[PDB]
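Given as structure tokens, the chain that follows is alone and in the form deposited in one PDB entry.
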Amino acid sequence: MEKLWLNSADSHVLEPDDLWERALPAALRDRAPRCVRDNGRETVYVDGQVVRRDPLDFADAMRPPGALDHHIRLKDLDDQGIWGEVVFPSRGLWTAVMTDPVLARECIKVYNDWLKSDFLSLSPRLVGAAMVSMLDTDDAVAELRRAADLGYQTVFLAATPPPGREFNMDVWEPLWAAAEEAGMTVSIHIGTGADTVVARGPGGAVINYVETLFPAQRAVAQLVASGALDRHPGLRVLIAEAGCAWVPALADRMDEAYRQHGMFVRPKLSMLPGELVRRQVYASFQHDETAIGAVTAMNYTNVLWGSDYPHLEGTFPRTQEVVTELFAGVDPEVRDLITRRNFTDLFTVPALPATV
């Protein structure tokens, strides 16, 4: 009771520099994501493409020792008063901008085996997101099925899929089925599948942070409007790291178009966009007070807190100071929904007593 015990729907693991070096067949090794550290600069390379350049200050700001040592991660969880934590890739996210299905498939296979055998094995508190090919449905289905057998509870998809593979297209249907069948949550994490540095004028850093929402919103719109959620009532989707309050907003906007633009709408839905969102679309946030508002005043109950451990955008190391001010004066049942119960609906971890 001397801490508020949280479940985090969002965090990242830094992969071993040599993950793909050691594990891939030799024909693919050089093409895997690798990095050069020189001057103040870390340049990431993927399959003959510079994909990212950061200064070492910011690169290493996201690299506290818990981001590397999984034994320190757990000590940081305890320290933050965090129990459950979903873990998303860092380096493996660049699989989502690969143009070669074979390279992407094999890199993903390597990541999924490492994450389960060398990280998730340390504690049942850690729930892992398995990657699945953004490029080929048969590769993604095969990997999700293989990941389920291994006991994975959720797959990661990039917010921006490859060209012609928008989330409303038929190509995704076999994956939505497999995911529904397997009981498996689809986690779409923002800032992935495309270049995140879109704006370069005055206000660039705030503009770009905003630009990452558009694919998230687009993704919900494509999954609702296409009927994908409607055909798969068991399929539940987590928009991770997008904030929350835009989700009921978008529920209203798709309802207006469904009702007033009825005559141009294809396909028809068994219920309204708003109902599909409120049933099956979850979303995570770190600091956003609007996230409570969406629950109390907009009937959007699918809100989950996340540390985004250990990015700057996240709460670490001030998790307790942050959640304490957010939920200062807030109904205990809503603090519990947002911080604990929505998590345990999506993900299985050992149950804290809700009594303590």
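Note that residue numbering begins at 1 and tracks the sequence as displayed. So that the term is clear: the rigid core is the largest set of C-alpha atoms that superpose within 1.5 Å between two forms.
Comparing 195 to 203 with 153 to 161, which stretch shows the greater average C-alpha B-factor in the deposited entry?
It is 195 to 203 that shows the higher mean C-alpha B-factor.
If you average the Cα B factors in the entry, which is higher, 183 to 191 or 263 to 271?
The deposited B-factors put 263 to 271 ahead on the C-alpha mean.
Would you mind checking which of 304, 322, 294, 32 has the top Cα temperature factor in the PDB entry?
Of the candidates given, the C-alpha B-factor peaks at 322.
Should residue 246 be placed in the lowest, middle or highest third of its chain by the C-alpha B factor in the entry?
According to the entry, residue 246 has a C-alpha B-factor in the chain's lowest third.
How does residue 329 rank on Cα B-factor within its chain, lowest, middle or highest third?
Its C-alpha B-factor, which the entry lists for residue 329, ranks in the highest third among residues of this chain.
Grab the CA temperature factor for residue 9 from the record and place it in the lowest, middle or highest third of its chain.
CA B-factor rank for residue 9: middle third.
Could you tell me which third, lowest, middle or highest, the C-alpha B-factor of residue 28 occupies within its chain?
Its C-alpha B-factor, which the entry lists for residue 28, ranks in the middle third among residues of this chain.
Taking the chain's C-alpha temperature factors as the reference, tell me which third residue 299 falls into: lowest, middle or highest.
Its C-alpha B-factor belongs to the lowest third of this chain's values.
The next section is about a form of this same protein that is not shown, the form deposited in another entry.
For the list 330, 35, 51, 297, which one shows a CA move of 2 Å or more between this form and the one not shown after the core is fit?
The one that shifts is 35.
Does residue 63 move its CA by 2 angstroms or more between this form and the one not shown when the core is aligned?
Yes, its C-alpha moves 2 Å or more.
Versus the form shown, are the CA atoms of residue 37 and residue 315 closer or farther apart in that other deposited form, given a shift of 3 angstroms or more?
Closer is correct, given that in that other deposited form the C-alpha spacing of residue 37 to residue 315 is reduced by at least 3 Å.
Closer or farther: how do the Cα atoms of residue 36 and residue 311 compare in that other deposited form relative to this form, given a change of at least 3 Å?
Residue 36 and residue 311 sit closer together in that other deposited form.
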